[PDB]
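Next up, protein.csv (CSV, C-alpha atoms (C1' of nucleotides)):
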```csv
chain,number,residue,atom,x,y,z
A,563,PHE,CA,85.9,133.1,120.1
A,564,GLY,CA,84.7,129.7,119.2
A,565,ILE,CA,88.0,128.4,117.8
A,566,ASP,CA,87.9,124.6,117.2
A,567,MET,CA,84.2,124.5,118.4
A,568,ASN,CA,80.8,125.2,116.8
A,569,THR,CA,79.4,127.9,119.1
A,570,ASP,CA,80.1,131.2,120.8
A,571,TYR,CA,80.0,131.4,124.6
A,572,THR,CA,79.6,134.4,126.9
A,573,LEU,CA,81.4,135.5,130.0
A,574,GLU,CA,78.5,134.0,132.0
A,575,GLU,CA,78.6,130.7,130.1
A,576,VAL,CA,82.3,130.3,130.6
A,577,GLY,CA,81.7,131.7,134.1
A,578,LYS,CA,79.1,128.9,134.5
A,579,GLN,CA,81.8,126.2,134.1
A,580,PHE,CA,85.2,127.2,135.6
A,581,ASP,CA,84.7,130.0,138.1
A,582,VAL,CA,82.0,132.6,138.6
A,583,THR,CA,84.2,135.6,138.2
A,584,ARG,CA,82.9,138.1,135.7
A,585,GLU,CA,85.2,141.1,135.3
A,586,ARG,CA,88.4,139.0,135.6
A,587,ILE,CA,87.3,136.6,132.8
A,588,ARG,CA,87.3,139.9,130.8
A,589,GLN,CA,90.7,140.6,132.4
A,590,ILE,CA,92.0,137.1,131.6
A,591,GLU,CA,91.1,137.8,128.0
A,592,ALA,CA,92.6,141.3,128.0
A,593,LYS,CA,95.8,139.9,129.6
A,594,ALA,CA,96.3,137.3,126.8
A,595,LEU,CA,96.2,140.0,124.1
A,596,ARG,CA,99.2,141.7,125.9
A,597,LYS,CA,100.8,138.2,126.0
A,598,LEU,CA,100.3,138.2,122.2
A,599,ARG,CA,100.9,141.9,121.4
A,601,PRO,CA,106.1,142.2,118.7
A,602,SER,CA,108.3,139.0,118.3
A,603,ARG,CA,105.5,136.4,118.0
A,604,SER,CA,103.4,139.0,116.1
A,605,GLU,CA,105.7,139.0,113.1
A,606,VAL,CA,103.9,136.2,111.3
A,607,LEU,CA,100.4,137.4,112.3
A,608,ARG,CA,101.0,140.9,111.1
A,609,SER,CA,101.2,139.6,107.6
A,610,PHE,CA,97.5,138.6,107.7
A,611,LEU,CA,96.6,142.3,108.3
A,612,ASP,CA,96.8,143.1,104.6
A,613,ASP,CA,93.6,141.3,103.5
B,221,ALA,CA,141.6,150.2,69.5
B,222,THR,CA,141.6,150.5,73.3
B,223,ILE,CA,138.3,148.7,73.9
B,224,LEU,CA,139.7,145.9,71.7
B,225,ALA,CA,143.1,145.8,73.4
B,226,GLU,CA,141.7,145.4,76.9
B,227,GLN,CA,139.1,142.8,76.0
B,228,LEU,CA,142.1,140.6,75.2
B,229,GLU,CA,143.2,140.7,78.8
B,230,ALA,CA,141.2,137.4,79.4
B,231,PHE,CA,143.3,135.9,76.6
B,232,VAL,CA,146.9,136.9,77.1
B,233,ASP,CA,147.6,137.2,80.9
B,234,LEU,CA,144.4,135.5,82.1
B,235,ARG,CA,144.9,132.5,79.6
B,250,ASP,CA,125.6,138.6,119.3
B,251,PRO,CA,122.3,138.2,117.5
B,252,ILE,CA,120.3,138.2,120.8
B,253,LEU,CA,121.6,141.7,121.7
B,254,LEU,CA,119.5,144.3,119.9
B,255,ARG,CA,116.1,142.7,120.7
B,256,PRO,CA,113.4,144.5,122.7
B,257,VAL,CA,112.9,143.7,126.3
B,258,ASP,CA,109.5,141.9,126.1
B,259,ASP,CA,111.0,138.7,124.7
B,260,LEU,CA,112.0,137.2,128.1
B,261,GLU,CA,108.7,136.8,130.0
B,262,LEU,CA,109.8,139.0,132.9
B,263,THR,CA,107.7,140.1,135.9
B,264,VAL,CA,105.3,143.0,135.7
B,265,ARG,CA,106.8,144.4,138.9
B,266,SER,CA,110.0,144.9,136.8
B,267,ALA,CA,108.0,146.4,133.9
B,268,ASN,CA,107.5,149.4,136.2
B,269,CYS,CA,111.3,149.2,137.0
B,270,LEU,CA,113.1,148.9,133.7
B,271,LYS,CA,111.1,151.5,131.9
B,272,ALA,CA,111.6,154.1,134.7
B,273,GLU,CA,115.3,154.2,134.0
B,274,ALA,CA,114.5,154.4,130.3
B,275,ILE,CA,116.1,151.1,129.6
B,276,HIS,CA,115.1,150.4,126.0
B,277,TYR,CA,117.5,147.6,124.8
B,278,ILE,CA,118.5,144.2,125.9
B,279,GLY,CA,122.1,145.1,125.1
B,280,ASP,CA,121.7,148.3,127.1
B,281,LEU,CA,120.6,146.2,130.1
B,282,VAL,CA,124.0,144.4,130.1
B,283,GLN,CA,125.8,147.8,130.1
B,284,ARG,CA,123.7,148.9,133.1
B,285,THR,CA,125.3,146.3,135.4
B,286,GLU,CA,124.0,144.7,138.6
B,287,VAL,CA,125.3,147.8,140.5
B,288,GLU,CA,123.0,150.1,138.6
B,289,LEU,CA,119.4,148.7,138.6
B,290,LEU,CA,118.4,147.9,142.1
B,291,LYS,CA,117.5,151.4,143.4
B,292,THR,CA,114.3,151.8,141.4
B,293,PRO,CA,111.3,151.2,143.6
B,294,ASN,CA,108.9,148.2,143.2
B,299,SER,CA,114.7,140.1,140.6
B,300,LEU,CA,118.5,140.1,141.2
B,301,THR,CA,118.4,136.3,141.3
B,302,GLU,CA,115.8,135.9,138.6
B,303,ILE,CA,117.8,137.7,135.9
B,304,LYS,CA,120.7,135.4,136.7
B,305,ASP,CA,118.4,132.5,136.0
B,306,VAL,CA,117.0,134.0,132.7
B,307,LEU,CA,120.5,134.7,131.4
B,308,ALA,CA,121.9,131.2,132.3
B,309,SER,CA,119.1,129.5,130.4
B,310,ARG,CA,119.8,131.0,127.0
B,311,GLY,CA,123.6,131.5,127.2
B,312,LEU,CA,124.4,135.1,128.2
B,313,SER,CA,126.0,137.1,131.0
B,314,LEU,CA,125.5,140.4,133.0
B,315,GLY,CA,128.0,143.2,133.2
B,316,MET,CA,129.4,143.2,129.7
B,317,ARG,CA,131.3,146.2,128.3
B,318,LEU,CA,130.1,147.1,124.8
B,319,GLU,CA,131.4,149.5,122.2
B,320,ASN,CA,129.9,151.5,119.3
B,321,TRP,CA,126.5,150.6,120.9
B,322,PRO,CA,123.8,151.4,120.1
B,323,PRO,CA,124.4,151.9,116.4
B,324,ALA,CA,120.6,152.1,115.8
C,1,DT,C1',56.8,99.6,44.1
C,2,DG,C1',57.8,103.3,43.4
C,3,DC,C1',56.0,107.7,45.0
C,4,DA,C1',55.9,112.0,48.4
C,5,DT,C1',56.5,113.9,52.7
C,6,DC,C1',59.8,114.3,56.4
C,7,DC,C1',63.8,114.2,60.0
C,8,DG,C1',68.8,115.2,60.3
C,9,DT,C1',73.4,116.4,58.9
C,10,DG,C1',77.0,120.2,57.6
C,11,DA,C1',86.0,121.7,60.4
C,12,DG,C1',88.7,124.5,64.2
C,13,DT,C1',91.1,128.2,67.1
C,14,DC,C1',90.4,132.9,68.0
C,15,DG,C1',88.7,137.7,67.6
C,16,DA,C1',86.0,143.1,67.9
C,17,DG,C1',81.9,145.4,70.1
C,18,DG,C1',76.9,145.4,72.9
C,19,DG,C1',71.6,145.1,73.9
C,20,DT,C1',65.4,146.6,72.7
C,21,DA,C1',60.7,147.7,72.6
C,22,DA,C1',54.5,147.9,70.7
C,23,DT,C1',50.8,148.5,74.5
C,24,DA,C1',47.2,147.9,78.1
C,25,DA,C1',41.3,152.1,83.3
C,26,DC,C1',39.3,153.9,86.5
C,27,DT,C1',36.7,153.8,91.2
C,28,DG,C1',35.5,152.7,96.4
C,29,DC,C1',36.6,149.5,99.8
C,30,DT,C1',39.0,146.2,103.1
C,31,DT,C1',42.9,143.4,104.7
C,32,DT,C1',48.0,142.8,105.3
C,33,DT,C1',52.8,144.5,105.9
C,34,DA,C1',56.3,147.7,106.6
C,35,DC,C1',58.7,151.6,109.3
C,36,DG,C1',59.8,154.4,113.1
C,37,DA,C1',59.2,155.0,118.2
C,38,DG,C1',59.8,153.5,122.8
C,39,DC,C1',60.9,150.2,126.4
C,40,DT,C1',63.4,146.0,128.8
C,41,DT,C1',67.0,142.7,129.8
C,42,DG,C1',71.7,141.5,129.3
C,43,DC,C1',76.2,141.6,128.3
C,44,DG,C1',80.7,143.2,127.9
C,45,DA,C1',83.7,147.5,130.5
C,46,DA,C1',85.4,150.8,133.6
C,47,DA,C1',86.8,151.8,138.3
C,48,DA,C1',87.2,150.2,142.9
C,49,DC,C1',88.7,147.1,146.5
C,50,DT,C1',89.2,142.2,150.2
C,51,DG,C1',91.9,137.1,150.3
C,52,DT,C1',97.8,134.7,149.8
C,53,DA,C1',102.8,132.7,148.7
C,54,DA,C1',106.3,134.8,147.2
C,55,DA,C1',106.7,140.0,146.0
C,56,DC,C1',110.8,144.5,144.2
C,57,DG,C1',115.0,146.6,147.3
C,58,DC,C1',117.0,145.7,152.1
C,59,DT,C1',118.8,144.5,158.5
C,60,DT,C1',120.0,140.7,161.9
C,61,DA,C1',120.6,136.0,164.4
C,62,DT,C1',124.1,132.4,163.9
C,63,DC,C1',128.1,128.8,162.6
C,64,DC,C1',133.2,128.5,160.6
C,65,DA,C1',137.4,128.8,158.4
C,66,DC,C1',140.7,131.2,154.8
C,67,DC,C1',143.3,135.4,155.9
C,68,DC,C1',146.3,137.7,159.8
C,69,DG,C1',144.9,142.0,165.6
C,70,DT,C1',149.6,141.7,167.6
C,71,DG,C1',153.3,139.5,170.4
C,72,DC,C1',157.5,136.5,170.4
C,73,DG,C1',160.7,133.6,167.6
C,74,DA,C1',163.8,131.6,162.3
C,75,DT,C1',169.9,132.6,159.7
```
Mind converting the file's structure to structure tokens?
Amino acid sequence: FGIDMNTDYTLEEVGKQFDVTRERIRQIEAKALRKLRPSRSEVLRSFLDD
Amino acid sequence: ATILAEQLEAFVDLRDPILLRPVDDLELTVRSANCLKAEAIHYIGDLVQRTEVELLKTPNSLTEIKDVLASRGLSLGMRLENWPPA
DNA sequence: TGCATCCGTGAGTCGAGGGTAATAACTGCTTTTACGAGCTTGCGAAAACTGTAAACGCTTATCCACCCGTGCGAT
């Protein structure tokens, strides 16, 4: 998502560096949203009302 | 003359918080996420009512729960009352 | 040495309600720019499946010492 950087990578570009998995990079990202989906989400739910 | 007589009464005589939380705030194993929800365990405080002689027969942690309670100061097998009040 | 033209001044807060209109050419001809149409890569998803150290419940192999299987004894 380009947080703290100046660019936007792909699954292939991140896959070019660490490991050459493709669907599990997409599954690493989808796992972290479940790691952040309603006790830590009490502060971030306030930014919904923009 | 009753409102006046009583406004002179200031003149004459007068001179566990961790219990009800949902279960996903403990970083448990996903093999238990198919175990706890199968028994319809919805509360953290319900999980202490369902003691260690109640949970083990679901298919697909008995020592791990004893570690996760002893880190944050709790116990298993408590007897609660008027719970859940919702 | 006046005389005549000229440049530059002129309090402060608010306030209300808003913005215009006179009149101006047609033709054929040639070059540029947009709009929709149809592909080509490629990139993020869905749905399966082959490598490991623990991965939910659960049997044994042991060792040993509290207790006591019993007997017999204590006054």
Distance cut-off 12 Å, centre (104.3, 142.7, 132.2) in file coordinates, counting only C-alpha atoms (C1' of nucleotides): which residues qualify? Return them as a list in words.
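Here the neighbourhood of the point contains residues 593, 594, 595, 596, 597, 598 and 599 of chain A; 257, 258, 259, 260, 261, 262, 263, 264, 265, 266, 267, 268, 269, 270 and 271 of chain B.
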What residues in chain C have any atom no more than 9 Å from chain B when counting only C-alpha atoms (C1' of nucleotides), and can you write them as a compact mmCIF listing (two decimals) with C-alpha atoms (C1' of nucleotides), in the frame of the given file?
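Once everything was written out, this is selection.txt:
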```
# COMPACT_ATOMS: atom_id res chain seq x y z
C1' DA C 55 106.70 140.00 146.00
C1' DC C 56 110.80 144.50 144.20
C1' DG C 57 115.00 146.60 147.30
```
Any idea which chain A residues end up within 12 Å of chain C if we count only C-alpha atoms (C1' of nucleotides), as a ChimeraX atom specification please?
/A:571-575,584-589,591-592
Taking only C-alpha atoms into account, which of B:279, B:272, B:256, B:231 comes nearest chain A?
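Of all the options, B:256 lies closest to chain A.
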As an exercise, work out the distance from atom CA of residue A:590 to atom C1' of residue C:52 in Å and give it to one decimal place.
19.3 Å
